[PDB]
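J.: Let me begin by handing over the structure; questions about it come next.
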Amino acid sequence: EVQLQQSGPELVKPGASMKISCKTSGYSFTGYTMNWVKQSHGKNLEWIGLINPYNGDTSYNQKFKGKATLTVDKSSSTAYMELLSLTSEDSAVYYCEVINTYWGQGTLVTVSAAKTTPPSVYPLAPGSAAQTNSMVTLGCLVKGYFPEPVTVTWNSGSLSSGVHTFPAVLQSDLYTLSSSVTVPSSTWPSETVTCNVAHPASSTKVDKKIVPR
Amino acid sequence: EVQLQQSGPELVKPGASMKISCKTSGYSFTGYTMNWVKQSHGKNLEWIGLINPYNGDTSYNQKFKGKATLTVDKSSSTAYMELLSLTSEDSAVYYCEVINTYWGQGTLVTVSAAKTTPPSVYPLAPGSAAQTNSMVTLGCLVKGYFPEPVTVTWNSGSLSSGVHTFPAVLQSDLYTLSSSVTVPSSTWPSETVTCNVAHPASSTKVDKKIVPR
Amino acid sequence: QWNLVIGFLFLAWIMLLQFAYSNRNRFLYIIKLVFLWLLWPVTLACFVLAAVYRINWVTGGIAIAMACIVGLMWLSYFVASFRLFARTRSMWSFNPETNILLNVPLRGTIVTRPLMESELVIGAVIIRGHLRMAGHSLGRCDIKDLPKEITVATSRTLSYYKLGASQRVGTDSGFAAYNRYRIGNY
Amino acid sequence: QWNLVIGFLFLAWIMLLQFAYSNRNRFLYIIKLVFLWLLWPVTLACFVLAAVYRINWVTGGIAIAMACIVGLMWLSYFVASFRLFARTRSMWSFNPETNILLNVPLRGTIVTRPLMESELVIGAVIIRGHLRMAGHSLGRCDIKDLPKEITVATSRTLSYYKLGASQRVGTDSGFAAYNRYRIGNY
Amino acid sequence: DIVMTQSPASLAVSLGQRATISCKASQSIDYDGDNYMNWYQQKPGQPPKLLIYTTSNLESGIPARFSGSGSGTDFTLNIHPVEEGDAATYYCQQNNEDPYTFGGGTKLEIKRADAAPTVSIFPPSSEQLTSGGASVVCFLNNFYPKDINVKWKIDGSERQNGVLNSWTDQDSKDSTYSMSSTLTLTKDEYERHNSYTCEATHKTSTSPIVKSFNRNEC
Amino acid sequence: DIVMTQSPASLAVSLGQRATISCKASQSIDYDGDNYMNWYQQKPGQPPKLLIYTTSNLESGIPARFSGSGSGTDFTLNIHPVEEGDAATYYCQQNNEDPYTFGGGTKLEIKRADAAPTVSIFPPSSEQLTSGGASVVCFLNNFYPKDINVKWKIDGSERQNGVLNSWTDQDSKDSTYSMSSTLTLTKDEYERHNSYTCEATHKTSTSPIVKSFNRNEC
Ligand SMILES: C[C@H]1Cn2ncc(C(=O)Nc3cccc(C#N)c3)c2C(=O)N1c1ccc(C(F)(F)c2ccccc2)cc1
Ligand SMILES: C[C@H]1Cn2ncc(C(=O)Nc3cccc(C#N)c3)c2C(=O)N1c1ccc(C(F)(F)c2ccccc2)cc1
């Protein structure tokens with residue numbers, strides 16, 4: 001089983017340089033060629049280049065020459081790409097691939113000088129609405145986070161279905177997200193429902209239980 | 001794609017000889033080897049011999065040697081097995097195979113000093129059954145034919161679902177076949193149901209309609 | 001002596017080490033087979049033509065033992081070649097290289113070539129429309145291969161193979177594998 | 001005449017026209033490359049000794065054009081083999097047969113051999129745990145094959161292949177195919 | 001003349017459970033280290049078809065549920081996710097020596113829930129009575145287990161004489177059995193008896209199913 | 001350096017019907033008679049998955065219902081029995097020339113019978129009001145058509161400022177969509193009007209679905 005585990009999301013200021021690592025496992029290093037791919041706008045695919053694990057021979061496409069550099073660490077079985085002079089158009093998802101069939105998780109790179117802020121969690125319940133029928137909607141709003149990867153989970157993964165999570169939206173350079181779950185009246189307010197909001201970029205985790213009031 | 005058509009069943013007396021003719025299609029006749037199998041009474045596979053249609057070079061085992069002659073006609077894409085000095089232990093379902101993947105449909109060889117007899121058809125109807133359930137069962141008894149096989153169907157093959165066919169019982173060297181079909185009670189007496197009995201060995205075709213009695 | 005005929009010998013040797021080591025052309029490689037076939041009696045005749053002028057004794061008991069060896073092995077292998085001819089009535093059993101043959105039904109007839117391995121799995125590659133099985137160009141074939149080929153070696157080894165897996169690559173080509181499914185003794 | 005030194009020549013010819021095809025044994029196939037390598041600057045200097053003597057200019061002038069033939073292909077081929085070296089820093093780029101290489105990752109390192117075809121499909125056969133790709137015996141391998149092998153050229157292109165299909169046969173053996181999926185020109 | 005034997009004579013396997021068939025050979029084959037063994041399948045009224053060749057090579061078109069293995073003189077066929085369609089007879093073959101030999105064959109039966117038979121009685125037809133003789137036909141449909149005792153009675157007196165019994169193979173869809181019992185009577189001994197009764201005793205009931213008719217009713 | 005394009009930017013195919021996606025290569029790739037073309041599929045939140053390589057070779061593990069072929073410049077991807085799980089974006093790549101360029105993507109949607117949304121709303125929370133703000137949030141769930149007109153009418157006045165609308169992708173299980181509409185405001189403006197109303201006009205009826213609450217109701 002071939003696996004490629006990447007370092008994870010990163011936030012940098014304009015003009016900065018950074019390194020994206022990719023730790024590979026399940027197969028011998030100094031084997032198959034490593035290829036780098038940049039996905040932009042969430043729609044379009046592109047090609048950066050390739051590097052051979054064994055002889056440090058690299059080939060770049062056209063416009064990434066002097067923009068990105070590739071290297072490897074044989075002892076740690078780790079591939080690296082260095083991004084130089086990052087600008088606002090460089091915010092993207094970067095993937096590592098072996099033979100076009102095995103792909104990494106994707107590293108999200110955000111280029112901005114804005115401050116990172118922790119999220120604020122507000123529960124949503126039909127308080128005093130006398131909604132005791134078969135369609136009870138519970139939800140939550142998370143506001144004021146930055147840059148992107150806030151994960152909202154219901155009851156630590158117990159409510160794996162019936163959940164509608166929406167794409168994030170931006171207001172005044174900050175991000176907001178809304179989510180809901182549909183439950184029967186037999187579980188409300190008879191059972192406690194908790195929203196688990198994780199924001200790694202601020203090292204923040206909030207577990208907030210919905211109070212019917 | 002690849003077809004191995006057989007010549008059909010035959011009945012002979014002890015000591016007689018015959019020729020099983022297999023006609024192939026779908027591929028160039030030469031280039032693939034030919035194998036013969038006997039499958040004597042019961043369920044026991046056996047190997048008779050192997051021949052090359054292109055140049056001969058036949059091979060037998062030490063038990064069937066002198067009991068059969070295997071030959072080929074390239075002009076009609078046909079292969080032949082000559083059965084010599086047939087006895088009571090030779091009655092079987094002989095057929096050809098090529099590479100352990102494609103088989104003929106089977107040639108039934110019967111060795112007996114017996115007379116071919118046409119079948120007698122007696123339809124079975126639930127007379128005075130006085131049933132109030134939403135099912136009605138009818139059938140047909142086909143008695144006194146020889147040799148096997150006999151093909152018994154309903155409505156010229158249109159009626160197959162709900163049909164139970166039973167192996168023939170051998171009494172006094174004659175076979176008796178039993179067949180029963182269950183149909184909705186709304187089928188009767190409005191619909192026409194017929195039993196079709198075919199015995200090629202006696203050139204006997206019978207079609208009998210069942211009526212309430 | 002002349003320093004020109006030696007040059008042509010030394011030049012005909014490169015051409016035999018370069019192009020003769022390929023079976024991918026019918027009417028290019030039977031000539032090499034014939035040359036290697038004819039090299040055998042020439043050596044024995046040369047060696048026996050040194051034991052009659054047995055002067056200095058270096059042309060004596062040395063050109064006699066090797067004459068025995070080279071006249072012994074030649075018969076010991078001609079016997080086997082004729083025995084191979086006996087079973088499979090083909091003129092391919094007289095090649096001076098091997099004693100194993102491979103048969104491929106194609107275009108109505110059967111194409112026979114010499115083989116060197118007699119292994120358990122045989123690979124087949126169709127490139128652009130031409131078949132190349134075992135280091136042998138075998139003519140023209142689309143993906144309409146045979147589900148059974150044979151390999152024959154005198155005294156046993158009537159081995160029947162079988163189309164085990166075939167696949168098609170872009171627009172003209174393909175590959176296939178023949179896994180041995182049957183063995184026959186003589 | 002000395003008919004003892006001539007039979008020793010024909011015997012060597014029968015010896016090397018029989019065992020020099022197989023690329024299986026490495027320490028038996030590396031010697032043939034050296035011997036074939038030495039035959040060029042021997043023929044070149046064996047045709048020139050007919051310009052030193054120049055007896056009959058209708059027979060001493062032939063070895064001028066002939067010596068101008070093999071003094072001209074020799075440079076225009078060493079030049080190319082050295083470029084095969086220039087890209088791939090290997091010592092297999094100096095065999096006098098072909099100018100294309102095959103790279104197979106095995107047991108940590110890479111196994112490199114010379115290849116003659118550069119087709120679109122490459123076959124691979126594992127017999128008893130030994131891998132055999134294109135006439136070369138590449139060592140020891142279970143069914144732990146590689147999903148990518150590489151064929152290299154002098155300047156032509158780098159051509160990566162892909163494990164398209166594999167099958168295990170008889171608890172040890174197997175067949176596999178590498179259908180070319182990529183092409184890269186330097 | 002190489003003998004091969006299979007340990008089980010038949011298997012009774014429920015749905016979703018593993019079925020196993022083993023075979024032993026008197027010779028080790030051991031041709032170049034490779035063993036040879038073919039596994040075949042046959043259904044009633046049809047020629048056999050190949051399932052496994054050379055002890056582990058699955059034939060094209062055969063589902064992966066059939067796994068063949070073994071070595072030396074021990075060979076084994078494993079069918080892990082047994083379904084309702086796996087009702088056939090399985091065979092072995094050496095495929096190594098000039099006197100090629102087959103095994104005995106093992107029959108695979110599939111377990112299911114108990115079911116009572118449906119009993120239907122048919123009186124003699126007018127044509128047979130006119131010609132001479134009578135045939136009373138009893139049909140038992142869609143039952144499990146196959147072990148049913150069917151008895152005939154003339155005016156209440158049991159008559160085992162003149163009864164033919166034909167059995168079907170296990171159904172390929174419902175995994176049930178069917179049975180036909182026919183009583184043959186002469187033309188003179190039929191008109192002297194008026195009450196005809198058939199009884200079916202099954203393992204699923206303490207009250208056998210009784211059906212009957214009278215000669216003067218039809 | 002090489003342009004490669006796909007014409008059908010968006011598709012809408014019902015279950016069981018054929019879907020075709022075309023691609024044109026500008027510079028007529030041909031290496032010794034062989035065209036090179038790779039077809040990829042990508043779902044939201046995941047990296048792309050390879051479907052076809054070298055214009056006709058199906059990647060191992062891909063269902064046989066995907067196929068493709070072409071010549072010279074014209075290539076086509078065919079999905080015959082389109083299922084409800086085939087809701088993804090499809091891409092093309094060269095794998096011949098130095099840049100190994102990608103083409104544009106195409107999006108495949110699944111047709112389904114009409115369905116009306118389930119509408120619910122939520123008033124401001126106590127935490128927001130304690131902080132000093134307010135929000136009213138309306139959810140439309142499990143509707144098929146994408147054309148819904150959502151309105152925020154307070155005492156007959158349509159509020160256009162402070163309304164955000166977020167859409168989900170097509171569900172991979174039932175092909176439905178969902179929508180979230182949020183009205184953001186301050187507490188000083190919230191405590192003016194008594195009745196807050198959210199309306200949704202759909203294309204399956206002439207009666208829009210309306211939900212509302214009073215600030216003094218809770
Ligand atoms: C390797 C072996 C395999 N092998 N299988 C088959 C044959 C064969 O049919 N040879 C043959 C030769 C001539 C005429 C015909 C016909 N008709 C047939 C052969 C064969 O020739 N072999 C072989 C052995 C030895 C040598 C030697 F050159 F090395 C050698 C010779 C003699 C003394 C010392 C050294 C070279 C080649
Ligand atoms: C196979 C072909 C293509 N080819 N590709 C690569 C090479 C190669 O690396 N050769 C080489 C030779 C010597 C030293 C080195 C080094 N270092 C490298 C070769 C090559 O030599 N070829 C070739 C062509 C023709 C002939 C001839 F034998 F036909 C011939 C002889 C002389 C006069 C005329 C005709 C023989 C051989």
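Ordering of the structure tokens sets the chain letters (A, B, ...); residue numbers start at 1 within each chain; ligands are numbered from 1 in the order shown.
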Kindly provide, as a ChimeraX atom specification, all nucleotide and amino acid residues lying within 6 Å of ligand 2, counting only C-alpha atoms and all ligand atoms.
T.: /C:14-15,18 /D:37,40,69-70,74,77-78,81,94-99
J.: If we count only C-alpha atoms, what is near region 197-199 of chain A at a cut-off of 12 Å, once residues fewer than 6 positions away on the same chain are taken out, given as a PyMOL selection string?
T.: chain A and resi 9+116-123+140-157+175+177-179+205-209
J.: Can those selected residues be exported to a file as a short mmCIF file (atom, residue, chain, number, x, y, z; two decimals), in the first residue's frame so that it contains N, CA, C and O atoms?
T.:
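As written to disk, selection_38.cif reads:
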```cif
data_model
loop_
_atom_site.label_atom_id
_atom_site.label_comp_id
_atom_site.auth_asym_id
_atom_site.auth_seq_id
_atom_site.Cartn_x
_atom_site.Cartn_y
_atom_site.Cartn_z
N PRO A 9 -1.66 22.27 6.26
CA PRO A 9 -1.89 23.64 5.79
C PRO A 9 -0.85 24.61 6.33
O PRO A 9 -0.29 24.42 7.41
N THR A 116 -4.68 35.88 12.23
CA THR A 116 -5.44 34.66 12.49
C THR A 116 -6.20 34.81 13.80
O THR A 116 -5.62 35.17 14.83
N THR A 117 -7.51 34.53 13.76
CA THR A 117 -8.36 34.72 14.92
C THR A 117 -9.09 33.43 15.28
O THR A 117 -9.38 32.61 14.40
N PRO A 118 -9.38 33.21 16.56
CA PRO A 118 -10.10 32.00 16.94
C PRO A 118 -11.58 32.11 16.56
O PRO A 118 -12.10 33.22 16.42
N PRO A 119 -12.26 30.98 16.40
CA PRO A 119 -13.67 31.04 16.02
C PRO A 119 -14.58 31.30 17.21
O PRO A 119 -14.21 31.08 18.37
N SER A 120 -15.78 31.79 16.91
CA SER A 120 -16.84 31.96 17.90
C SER A 120 -18.02 31.09 17.49
O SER A 120 -18.46 31.14 16.34
N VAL A 121 -18.53 30.31 18.43
CA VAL A 121 -19.54 29.29 18.16
C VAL A 121 -20.85 29.71 18.79
O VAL A 121 -20.90 30.03 19.99
N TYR A 122 -21.92 29.72 18.00
CA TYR A 122 -23.25 30.07 18.46
C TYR A 122 -24.22 28.94 18.12
O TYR A 122 -24.36 28.58 16.94
N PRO A 123 -24.88 28.34 19.11
CA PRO A 123 -25.81 27.24 18.81
C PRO A 123 -27.13 27.75 18.24
O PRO A 123 -27.50 28.91 18.41
N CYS A 140 -25.66 25.12 14.09
CA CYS A 140 -24.67 25.99 14.70
C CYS A 140 -24.09 26.92 13.65
O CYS A 140 -24.04 26.60 12.45
N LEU A 141 -23.65 28.09 14.12
CA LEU A 141 -22.94 29.08 13.32
C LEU A 141 -21.58 29.32 13.94
O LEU A 141 -21.48 29.63 15.14
N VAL A 142 -20.52 29.20 13.14
CA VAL A 142 -19.17 29.51 13.58
C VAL A 142 -18.70 30.72 12.79
O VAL A 142 -18.81 30.76 11.56
N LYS A 143 -18.20 31.74 13.50
CA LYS A 143 -17.90 33.02 12.89
C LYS A 143 -16.50 33.48 13.28
O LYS A 143 -15.98 33.15 14.35
N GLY A 144 -15.90 34.27 12.38
CA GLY A 144 -14.69 34.99 12.72
C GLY A 144 -13.42 34.17 12.75
O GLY A 144 -12.54 34.44 13.58
N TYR A 145 -13.28 33.19 11.87
CA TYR A 145 -12.06 32.39 11.79
C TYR A 145 -11.31 32.73 10.50
O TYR A 145 -11.78 33.48 9.65
N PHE A 146 -10.11 32.15 10.38
CA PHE A 146 -9.13 32.49 9.36
C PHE A 146 -8.03 31.43 9.41
O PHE A 146 -7.62 31.03 10.50
N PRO A 147 -7.54 30.92 8.26
CA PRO A 147 -7.94 31.20 6.88
C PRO A 147 -9.02 30.30 6.31
O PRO A 147 -9.88 30.77 5.56
N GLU A 148 -9.04 29.01 6.64
CA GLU A 148 -9.95 28.09 5.98
C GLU A 148 -10.32 26.90 6.86
O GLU A 148 -11.49 26.77 7.25
N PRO A 149 -9.36 26.03 7.22
CA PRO A 149 -9.71 24.65 7.60
C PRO A 149 -10.30 24.53 9.00
O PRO A 149 -9.70 23.97 9.91
N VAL A 150 -11.51 25.05 9.18
CA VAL A 150 -12.29 24.80 10.38
C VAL A 150 -13.18 23.59 10.13
O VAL A 150 -13.93 23.55 9.14
N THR A 151 -13.10 22.61 11.01
CA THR A 151 -13.88 21.38 10.88
C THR A 151 -14.94 21.33 11.97
O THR A 151 -14.63 21.48 13.16
N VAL A 152 -16.19 21.13 11.56
CA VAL A 152 -17.32 21.04 12.48
C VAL A 152 -17.85 19.61 12.42
O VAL A 152 -18.18 19.12 11.33
N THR A 153 -17.91 18.95 13.57
CA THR A 153 -18.39 17.58 13.67
C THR A 153 -19.48 17.50 14.73
O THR A 153 -19.45 18.24 15.71
N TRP A 154 -20.45 16.62 14.52
CA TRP A 154 -21.58 16.49 15.42
C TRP A 154 -21.41 15.26 16.30
O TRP A 154 -21.32 14.13 15.79
N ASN A 155 -21.38 15.48 17.61
CA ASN A 155 -21.28 14.41 18.61
C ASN A 155 -20.08 13.51 18.35
O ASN A 155 -20.17 12.28 18.40
N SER A 156 -18.94 14.14 18.05
CA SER A 156 -17.67 13.45 17.85
C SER A 156 -17.75 12.40 16.74
O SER A 156 -17.02 11.41 16.75
N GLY A 157 -18.64 12.61 15.77
CA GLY A 157 -18.81 11.69 14.67
C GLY A 157 -19.99 10.75 14.81
O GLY A 157 -20.22 9.94 13.90
N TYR A 175 -13.99 34.67 8.03
CA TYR A 175 -14.76 33.56 7.49
C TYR A 175 -15.87 33.13 8.44
O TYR A 175 -15.72 33.19 9.67
N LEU A 177 -19.22 30.04 8.77
CA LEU A 177 -19.68 28.73 8.34
C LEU A 177 -20.92 28.36 9.15
O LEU A 177 -21.01 28.67 10.34
N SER A 178 -21.88 27.71 8.50
CA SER A 178 -23.12 27.29 9.13
C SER A 178 -23.34 25.81 8.87
O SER A 178 -22.97 25.30 7.82
N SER A 179 -23.94 25.13 9.84
CA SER A 179 -24.23 23.71 9.63
C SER A 179 -25.46 23.31 10.43
O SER A 179 -25.82 23.96 11.41
N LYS A 205 -10.02 24.43 20.03
CA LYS A 205 -11.04 23.39 19.93
C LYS A 205 -12.15 23.72 20.92
O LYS A 205 -11.89 23.89 22.11
N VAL A 206 -13.38 23.81 20.42
CA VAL A 206 -14.53 24.20 21.23
C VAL A 206 -15.58 23.11 21.11
O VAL A 206 -15.99 22.74 20.01
N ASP A 207 -16.03 22.59 22.26
CA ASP A 207 -17.12 21.63 22.32
C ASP A 207 -18.30 22.33 22.99
O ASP A 207 -18.27 22.61 24.19
N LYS A 208 -19.34 22.62 22.21
CA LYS A 208 -20.45 23.44 22.67
C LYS A 208 -21.74 22.63 22.54
O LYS A 208 -22.11 22.22 21.43
N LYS A 209 -22.42 22.41 23.66
CA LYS A 209 -23.68 21.69 23.69
C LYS A 209 -24.86 22.64 23.48
O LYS A 209 -24.89 23.75 24.02
#
```
J.: Quick one, how far is CA of residue 90 (chain C) from CA of residue 140 (chain C)?
T.: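 Spanning CA of residue 90 (chain C) to CA of residue 140 (chain C) is a straight-line distance of 21.9 Å.
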J.: So the first atom is CA of residue 97 (chain A) and the second is CA of residue 168 (chain C); what is the distance between them in Å, to one decimal place?
T.: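 Pair CA of residue 97 (chain A) / CA of residue 168 (chain C) returns 26.2 Å.
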J.: So these two share a sequence; what Cα RMSD do you get laying chain C over chain D, all Cα, in order, least squares?
T.: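 Root-mean-square deviation of the C-alpha atoms: 0.8 Å.
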J.: Could the residues of chain C within 6 Å of chain D, counting only C-alpha atoms, be given as a list in words, please?
T.: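 That gives the following set of residues: residues 3, 7, 10, 43, 46, 47 and 50 of chain C.
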J.: Distance limit 8 Å, atoms considered: only C-alpha atoms. Which chain C residues sit that close to chain E? Return them as a ChimeraX atom specification.
T.: /C:164,181-185
J.: Output the selection as a short mmCIF file (atom, residue, chain, number, x, y, z; two decimals), in the first residue's frame - N, CA and C atoms for each residue.
T.:
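The new file part.cif reads:
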```cif
data_model
loop_
_atom_site.label_atom_id
_atom_site.label_comp_id
_atom_site.auth_asym_id
_atom_site.auth_seq_id
_atom_site.Cartn_x
_atom_site.Cartn_y
_atom_site.Cartn_z
N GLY C 164 -4.03 -17.58 -21.37
CA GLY C 164 -4.45 -17.33 -20.01
C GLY C 164 -4.90 -15.92 -19.75
N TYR C 181 -0.71 -25.77 -19.53
CA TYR C 181 -1.77 -26.49 -18.86
C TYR C 181 -1.70 -28.00 -19.04
N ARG C 182 -0.98 -28.50 -20.04
CA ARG C 182 -0.93 -29.94 -20.24
C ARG C 182 0.47 -30.38 -20.65
N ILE C 183 0.85 -31.57 -20.19
CA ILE C 183 2.10 -32.25 -20.54
C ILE C 183 1.78 -33.60 -21.15
N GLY C 184 2.53 -33.96 -22.19
CA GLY C 184 2.37 -35.27 -22.78
C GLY C 184 3.69 -35.97 -23.05
N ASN C 185 3.82 -37.19 -22.53
CA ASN C 185 4.94 -38.07 -22.78
C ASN C 185 4.71 -38.85 -24.06
#
```
J.: When you draw a straight line from CA of residue 180 (chain B) to CA of residue 111 (chain E), how long is it in Å?
T.: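 Those two atoms sit 25.0 Å apart.
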J.: Using DSSP secondary structure from the backbone, list all strand (DSSP E or B) positions within region 13-187 of chain F, as a PyMOL selection string.
T.: chain F and resi 13+19-25+31+34+38-42+49-53+57-58+66-71+74-79+89-93+102+106-110+118-122+133-143+149-151+153-154+157-158+163-167+177-186
J.: Set the cut-off to 8 Å and count only C-alpha atoms: what are the residues of chain B that reach chain C? Output as a ChimeraX atom specification.
T.: /B:28,30-32,99
J.: Once you have the residues from the selection above, write them out as a PDB file, in the first residue's frame, restricted to N, CA and C atoms.
T.:
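Result file follows (out-v3.pdb):
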```
ATOM      1  N   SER B  28     -10.556 -21.706 -37.324  1.00  0.00           N
ATOM      2  CA  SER B  28      -9.863 -22.545 -38.294  1.00  0.00           C
ATOM      3  C   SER B  28      -9.773 -23.973 -37.778  1.00  0.00           C
ATOM      4  N   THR B  30      -8.067 -26.742 -38.236  1.00  0.00           N
ATOM      5  CA  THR B  30      -6.809 -27.287 -37.758  1.00  0.00           C
ATOM      6  C   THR B  30      -6.131 -26.302 -36.811  1.00  0.00           C
ATOM      7  N   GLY B  31      -5.164 -26.810 -36.061  1.00  0.00           N
ATOM      8  CA  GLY B  31      -4.431 -26.011 -35.104  1.00  0.00           C
ATOM      9  C   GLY B  31      -4.758 -26.298 -33.657  1.00  0.00           C
ATOM     10  N   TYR B  32      -5.941 -26.829 -33.356  1.00  0.00           N
ATOM     11  CA  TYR B  32      -6.298 -27.198 -31.996  1.00  0.00           C
ATOM     12  C   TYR B  32      -6.564 -28.694 -31.926  1.00  0.00           C
ATOM     13  N   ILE B  99      -9.963 -27.763 -25.619  1.00  0.00           N
ATOM     14  CA  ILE B  99      -8.877 -27.361 -24.730  1.00  0.00           C
ATOM     15  C   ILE B  99      -9.349 -27.308 -23.284  1.00  0.00           C
TER      16      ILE B  99
END
```
J.: Give me the residues within 9 Å of residue 7 (chain E) as a PDB file with C-alpha atoms, in the first residue's frame, counting only C-alpha atoms and dropping any in the same chain fewer than 2 places off.
T.:
```
ATOM      1  CA  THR E   5      -9.823 -39.682  -4.160  1.00  0.00           C
ATOM      2  CA  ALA E   9     -19.063 -37.740  -0.717  1.00  0.00           C
ATOM      3  CA  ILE E  21     -13.563 -30.240  -0.867  1.00  0.00           C
ATOM      4  CA  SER E  22     -10.283 -32.119  -0.468  1.00  0.00           C
ATOM      5  CA  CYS E  23      -8.503 -34.507  -2.825  1.00  0.00           C
ATOM      6  CA  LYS E  24      -5.496 -36.799  -2.474  1.00  0.00           C
ATOM      7  CA  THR E 106     -18.543 -34.685  -4.823  1.00  0.00           C
TER       8      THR E 106
END
```
J.: Would you kindly return, as a list in words, each protein, DNA or RNA residue with an atom no farther than 12 Å from any atom of residue 18 (chain F), considering only C-alpha atoms and excluding same-chain residues fewer than 2 positions away?
T.: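 Everything that qualifies: residues 11, 12, 13, 14, 15, 16, 20, 21, 65, 66, 67, 77, 78, 79, 80, 81, 82, 83, 86, 108 and 110 of chain F.
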J.: Where does DSSP see alpha helix (DSSP H) in chain D, if you list the residues as a PyMOL selection string?
T.: chain D and resi 7-19+26-38+40-47+49-53+62-69+75-87
J.: For ligand 1, which residue out of C:152, C:64, C:84, C:58 is the nearest one, using only C-alpha atoms and all ligand atoms?
T.: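 So, comparing all the options, the nearest one is C:84.
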J.: Using only C-alpha atoms, find each residue in chain A having at least one atom no more than 9 Å away from chain F; report its shortest atom-to-atom pair and that distance in Å (one decimal), rows by chain then rising number, as a tab-separated table.
T.:
```
residue	atom	partner	partner_atom	distance
A:43	CA	F:105	CA	7.4
A:44	CA	F:104	CA	6.8
A:45	CA	F:102	CA	6.3
A:46	CA	F:102	CA	6.3
A:47	CA	F:101	CA	6.9
A:48	CA	F:99	CA	8.8
A:49	CA	F:99	CA	8.6
A:60	CA	F:99	CA	8.4
A:61	CA	F:99	CA	5.3
A:62	CA	F:99	CA	7.4
A:95	CA	F:47	CA	7.8
A:100	CA	F:50	CA	6.7
A:101	CA	F:50	CA	6.0
A:102	CA	F:49	CA	8.5
A:103	CA	F:47	CA	6.8
A:104	CA	F:47	CA	7.6
A:105	CA	F:47	CA	7.1
A:106	CA	F:47	CA	7.3
A:122	CA	F:127	CA	6.7
A:123	CA	F:125	CA	6.9
A:124	CA	F:122	CA	6.5
A:125	CA	F:122	CA	6.9
A:126	CA	F:122	CA	6.4
A:127	CA	F:218	CA	6.6
A:128	CA	F:218	CA	4.9
A:129	CA	F:218	CA	6.7
A:137	CA	F:120	CA	7.3
A:139	CA	F:122	CA	8.9
A:164	CA	F:178	CA	7.4
A:165	CA	F:168	CA	7.7
A:166	CA	F:168	CA	5.8
A:167	CA	F:166	CA	6.5
A:168	CA	F:166	CA	7.8
A:169	CA	F:166	CA	7.5
A:178	CA	F:180	CA	7.7
A:179	CA	F:180	CA	8.5
A:180	CA	F:139	CA	8.5
```
